[PDB]
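In the structure tokens that follow, a single protein chain appears in two forms: structure 1, then structure 2.
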Structure 1
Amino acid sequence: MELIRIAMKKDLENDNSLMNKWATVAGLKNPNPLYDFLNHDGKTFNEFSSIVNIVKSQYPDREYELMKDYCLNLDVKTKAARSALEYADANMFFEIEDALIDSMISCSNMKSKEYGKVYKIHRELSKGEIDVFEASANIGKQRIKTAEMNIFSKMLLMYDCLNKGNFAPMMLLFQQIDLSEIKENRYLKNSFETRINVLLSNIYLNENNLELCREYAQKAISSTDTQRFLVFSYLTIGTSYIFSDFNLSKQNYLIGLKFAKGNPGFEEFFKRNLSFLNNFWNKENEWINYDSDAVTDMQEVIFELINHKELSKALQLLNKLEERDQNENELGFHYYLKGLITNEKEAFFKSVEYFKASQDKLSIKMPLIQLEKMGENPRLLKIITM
């Protein structure tokens, strides 16, 4: 009765060899739990990777429709539903995720209630319905008992640090996570291991440890086939080369862009950094979003205007942005641009202070180079990057 069961029953009467093929793909010892899954409603595999690996290799193009149907039909009190919630969150399938959260909050199993409550906190935080301070308050209010939700509560805040351009807390949060403590759920452990890897990759990218950054991103790319992890992995590798190597940076951004086909949210990340890359290297720029009101997007239009030596038009557009709320990292770039336009040392010092505040050891190079060009002590500038 669940779409995937119907699909597999249909394909099985046409082809008898599919039992053995699905058994090895699902990591099963023998074809028996497969028979059970197809016949007795309610049967769920011991490991959720069983259903994902069957869906991925047999119905590559119907994953979302099939998975959405599987998940909405699951008993919310079970390990399966708990894994489906992780699956949905990891892929950013928000319709699947919000409906599981709704029904997991209400039910009477303590573990599923906990998973519901923590993922809701993560969702409310990504959407700006709450801020870090309420998140932390809600996490403690929960008195979490599982190792997993303890770990996921640390990652939750790391994701917020990452999009608010506040990178200092993140290595500190990372160090509080130990994955071998998660015992029952093998799938959840795998998913987390991969989440951590891109997280780690970002941490190193901001610490300017560029070799380790690419190590962890590649580690993620090698072991996953979930679109979300591919996207951010390639995003990260490309940013790691933004200042060293134009071609390597372009190529990873294009690889990532191909993996993002038909998901406008993921595409936007690449368009933005391709915009920046081409502005920074002063190459022709097919990527600028000229009618976005987003601070990052207006910054790109200004940076382009600077390269076309239109310093007057650039200054007016930049004053318009002083009106707008920006995070510390965005102020970093803001003051860098003010400097290129105005040739004032002051603008560059501010830029360094903001990149220090947000602890972006990567971007700090830009205003530092500029200060060295205007006669500031080079030895001291070296000590600032230490």
Structure 2
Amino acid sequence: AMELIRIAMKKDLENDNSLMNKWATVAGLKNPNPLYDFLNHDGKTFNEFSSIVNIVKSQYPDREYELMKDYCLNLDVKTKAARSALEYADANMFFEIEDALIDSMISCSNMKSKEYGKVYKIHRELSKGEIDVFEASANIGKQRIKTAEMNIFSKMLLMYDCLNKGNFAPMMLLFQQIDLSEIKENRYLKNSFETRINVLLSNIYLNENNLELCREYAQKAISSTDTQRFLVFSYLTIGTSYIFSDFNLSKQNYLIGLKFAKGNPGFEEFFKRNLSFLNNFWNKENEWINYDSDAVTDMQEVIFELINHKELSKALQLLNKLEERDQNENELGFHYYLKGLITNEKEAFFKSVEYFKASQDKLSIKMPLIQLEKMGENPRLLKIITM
């Protein structure tokens, strides 16, 4: 038993024989034989990578990272299981596991593993902004892809870049070229890619303002997965889809997401900030404000709370202080929106609309737009701006 997971399992089985049939059903097996094999013989893998992930999530939930790191670094890089490990690591944003698997798969002599390694490396580089979308497609081309799996993943990696540049027409063009039924042997990879695609589509529809479609895609993703990363982003999207229409559903979706985020500080932050904004926008008591942070976004949330409490003079002073510092366009939109709530000047709301339009934020633009309608501006013309 070289791998940490095999050591723990043999140990726990010595104390409790009934675990064997428990772990068999949790892994999806009709019969426990592959599990006897896994425990006894070095290098014996399950046919599907979900078998081991499920056993680890169930029996050692607190120890997932340590156990999976050790298990992945000990896999034969030439196998289906190592190729599945690479997807698992990237999905969970376990970049240390992933980068080690990538380097050793590019080295190996197996054609399949080499190609997956080279393609995931392109995805890593594009994510980090070390290359742009055109260098990335050029590298995809250089590689002369053979597998149906990497044919699909090369399209998805380009979609990720298109998503974070807010450029949706080319995303849909790439989506159209994907056919998941061509993944014939690797059911773990097919299911994981399907989860990725449902999340991506969810974010598309959220920006194109089809709120119903957005929620349906986010739910499809939630149903298909137990990966923390995808659960977190799906609930974040659902929360956001409700901001303007239903305080209570927005909040509860953020709280469910926050619970799934437990023990990842970075994921937890997204929910705290969104909750802070939500509670301010709907004039509710706000437990989420960060009074210590000197990041612009957080300091704006403190101004917004002063405004809800009719402390207009203090809000104005902190807002003038912020004007001194460098702000991008999205922050300036928010800045002028707050100024408008204090002073009731139409000009501030107009500037706010301009800044949000210039920064390509199709969500926050609704805030000064709602105010301008309240001040008697023409609804028919306001609607045209959001198109």
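Here, a residue number simply tells you its place in the sequence of structure 1, counted from 1. Under this definition, the rigid core comprises the largest set of C-alpha atoms superposing within 1.5 Å between the forms.
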Of the candidates 126, 289, 191, 103, the only Cα that travels 2 Å or more between structure 1 and structure 2, given a rigid-core fit: 289
Exceeds or equals 2 Å, Cα of residue 324 between structure 1 and structure 2, core fit: yes
Cα displacement of residue 351 between structure 1 and structure 2 reaching 2 Å, rigid core superposed: yes
Yes/no, residue 114 Cα shift of 2 Å or more between structure 1 and structure 2 with rigid core fixed: no
Between structure 1 and structure 2, C-alpha offset at residue 208 (rigid core aligned, Å): 1.9
Angstrom shift of the Cα atom of residue 16 between structure 1 and structure 2 (superposition on rigid core): 0.5
C-alpha positional change at residue 366 between structure 1 and structure 2 - rigid core reference, Å: 6.5
